[PDB]
file entry_3.cif (mmCIF, C-alpha atoms (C1' of nucleotides))
data_run
#
loop_
_atom_site.label_atom_id
_atom_site.label_comp_id
_atom_site.auth_asym_id
_atom_site.auth_seq_id
_atom_site.Cartn_x
_atom_site.Cartn_y
_atom_site.Cartn_z
CA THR A 450 -33.19 23.80 -35.44
CA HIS A 451 -29.95 23.72 -33.52
CA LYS A 452 -30.04 27.42 -33.85
CA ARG A 453 -33.36 29.08 -32.83
CA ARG A 454 -33.46 26.58 -29.96
CA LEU A 455 -34.50 27.51 -26.44
CA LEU A 456 -32.42 25.97 -23.68
CA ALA A 457 -33.17 26.01 -19.97
CA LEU A 458 -30.03 24.68 -18.24
CA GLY A 459 -26.90 26.75 -17.74
CA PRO A 460 -25.03 29.03 -15.36
CA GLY A 461 -27.86 30.47 -13.30
CA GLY A 462 -30.37 28.34 -15.18
CA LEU A 463 -31.86 25.23 -13.64
CA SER A 464 -29.68 22.15 -13.36
CA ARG A 465 -31.20 18.69 -13.74
CA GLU A 466 -30.51 17.78 -10.10
CA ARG A 467 -32.49 20.85 -9.06
CA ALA A 468 -34.96 20.56 -11.96
CA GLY A 469 -38.57 20.93 -10.92
CA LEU A 470 -41.17 19.10 -12.97
CA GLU A 471 -43.33 22.21 -13.16
CA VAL A 472 -40.79 23.77 -15.52
CA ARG A 473 -41.05 20.66 -17.69
CA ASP A 474 -44.71 21.39 -18.35
CA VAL A 475 -46.06 23.57 -21.11
CA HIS A 476 -48.79 26.05 -20.26
CA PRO A 477 -50.85 28.38 -22.48
CA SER A 478 -48.38 31.18 -22.85
CA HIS A 479 -46.29 29.03 -25.18
CA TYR A 480 -48.84 29.38 -27.99
CA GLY A 481 -46.89 31.22 -30.63
CA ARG A 482 -43.84 31.66 -28.43
CA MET A 483 -42.67 28.03 -28.25
CA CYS A 484 -43.48 24.65 -29.69
CA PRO A 485 -45.13 22.03 -27.49
CA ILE A 486 -44.39 19.26 -29.95
CA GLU A 487 -40.65 19.48 -30.43
CA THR A 488 -38.39 18.70 -27.47
CA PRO A 489 -35.78 16.06 -26.61
CA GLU A 490 -37.26 12.72 -25.67
CA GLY A 491 -34.79 11.38 -23.12
CA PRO A 492 -34.48 12.83 -19.64
CA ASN A 493 -34.39 16.40 -21.01
CA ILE A 494 -38.07 16.59 -21.89
CA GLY A 495 -39.53 20.07 -21.73
CA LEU A 496 -36.31 21.80 -20.72
CA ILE A 497 -34.99 22.21 -24.25
CA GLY A 498 -37.67 23.49 -26.57
"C1'" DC B 1 46.12 -58.86 -45.64
"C1'" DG B 2 48.09 -54.93 -44.77
"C1'" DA B 3 49.52 -49.83 -45.57
"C1'" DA B 4 48.48 -44.86 -46.34
"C1'" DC B 5 44.91 -40.51 -46.84
"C1'" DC B 6 42.04 -36.72 -45.96
"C1'" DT B 7 39.39 -35.04 -43.05
"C1'" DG B 8 35.57 -34.92 -39.26
"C1'" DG B 9 35.67 -33.21 -34.40
"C1'" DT B 10 38.33 -31.83 -30.66
"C1'" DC B 11 41.28 -29.17 -28.60
"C1'" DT B 12 45.60 -25.81 -27.73
"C1'" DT B 13 48.85 -21.67 -28.20
"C1'" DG B 14 49.66 -17.45 -28.63
"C1'" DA B 15 49.31 -13.17 -30.59
"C1'" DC B 16 46.15 -9.32 -31.89
"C1'" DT B 17 42.16 -6.01 -31.24
"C1'" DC B 18 38.86 -3.62 -29.28
"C1'" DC B 19 36.06 -1.83 -26.12
"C1'" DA B 20 34.15 -1.27 -21.17
"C1'" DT B 21 35.25 1.16 -17.16
"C1'" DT B 22 36.66 3.93 -13.84
"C1'" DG B 23 39.58 7.95 -12.54
"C1'" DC B 24 40.73 12.11 -12.85
"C1'" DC B 25 40.22 16.67 -14.41
"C1'" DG B 26 38.94 20.76 -15.89
"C1'" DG B 27 35.18 23.33 -17.10
"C1'" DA B 28 29.89 24.33 -17.57
"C1'" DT B 29 25.54 24.41 -15.77
"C1'" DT B 30 22.28 24.39 -12.23
"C1'" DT B 31 20.32 24.30 -7.56
"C1'" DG B 32 19.98 26.46 -3.39
"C1'" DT B 33 20.78 30.54 -0.20
"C1'" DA B 34 21.39 35.46 1.06
"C1'" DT B 35 20.25 40.20 0.17
"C1'" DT B 36 18.22 44.39 -1.34
"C1'" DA B 37 16.95 50.70 3.95
"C1'" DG B 38 12.17 56.46 1.79
"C1'" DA B 39 7.23 54.67 2.88
"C1'" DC B 40 3.93 51.40 2.30
"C1'" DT B 41 0.04 48.29 7.98
"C1'" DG B 42 -6.67 43.83 7.89
"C1'" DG B 43 -9.00 40.12 1.28
"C1'" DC B 44 -12.43 39.78 -2.80
"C1'" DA B 45 -16.16 36.69 -3.01
"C1'" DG B 46 -20.46 34.04 -6.03
"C1'" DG B 47 -23.54 29.57 -5.26
"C1'" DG B 48 -27.35 29.96 -3.27
"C1'" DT B 49 -31.83 29.20 -6.23
"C1'" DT B 50 -35.16 21.09 -5.28
"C1'" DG B 51 -38.02 17.77 -2.90
"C1'" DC B 52 -38.35 15.02 0.61
"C1'" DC B 53 -36.99 12.96 4.87
"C1'" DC B 54 -34.86 12.22 9.19
"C1'" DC B 55 -32.97 14.10 12.86
"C1'" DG B 56 -30.33 17.08 15.97
"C1'" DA B 57 -30.50 21.37 18.10
"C1'" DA B 58 -32.38 25.95 19.88
"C1'" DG B 59 -35.92 28.32 21.84
"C1'" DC B 60 -39.95 29.63 23.99
"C1'" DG B 61 -44.49 28.73 26.22
"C1'" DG B 62 -46.12 26.19 29.95
"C1'" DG B 63 -47.02 24.90 34.19
"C1'" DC B 64 -44.37 24.41 38.18
"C1'" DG B 65 -41.69 24.31 42.95
#
call {"tool": "encode", "arguments": {"input": "entry_3.cif", "output": "structure tokens"}}
result
Amino acid sequence: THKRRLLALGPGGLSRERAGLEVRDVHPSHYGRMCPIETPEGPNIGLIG
DNA sequence: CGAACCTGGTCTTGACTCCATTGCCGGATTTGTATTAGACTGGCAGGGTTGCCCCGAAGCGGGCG
């Protein structure tokens, strides 16, 4: 699970200081394409899936 | 009762040794400067991608003198 992991913060990706809370949220196009359960639990909720 | 003894510190003499310490002294290296003569004549360059708030500044529409 450290491979096959989707990340959302990099060069050209969204930094935490510019992170919008809309991108944190799941929405029903993740069904089958991402997992709403598994994500980091600290301040990086929803960015890393 | 008095006379020597050997030995502690306490100190002195003088000779010996040994090593710092400059002083050259000659050479090695190293730091800075100058000089290249055909002709050359205006840059690459991504972080920006928030949200909110306060505020300063431009700019134009609005009445105005």
call {"tool": "interface_residues", "arguments": {"input": "entry_3.cif", "of": "chain A", "to": "chain B", "cutoff": "10 Å", "atoms": "only C-alpha atoms (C1' of nucleotides)", "output": "list in words"}}
result
residues 461, 462, 463, 464, 465, 466, 467, 468, 469 and 470 of chain A
call {"tool": "resolve_selection", "arguments": {"input": "entry_3.cif", "expression": "the PyMOL selection byres ((chain A and resi 455) around 8)", "output": "JSON, numbers by chain"}}
result
{"A": [453, 454, 456, 457, 497, 498]}
call {"tool": "atom_distance", "arguments": {"input": "entry_3.cif", "atom1": "CA of residue 474 (chain A)", "atom2": "CA of residue 495 (chain A)"}}
result
6.3 Å
call {"tool": "atom_distance", "arguments": {"input": "entry_3.cif", "atom1": "CA of residue 494 (chain A)", "atom2": "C1' of residue 46 (chain B)"}}
result
29.4 Å
call {"tool": "atom_distance", "arguments": {"input": "entry_3.cif", "atom1": "CA of residue 472 (chain A)", "atom2": "CA of residue 489 (chain A)"}}
result
14.4 Å
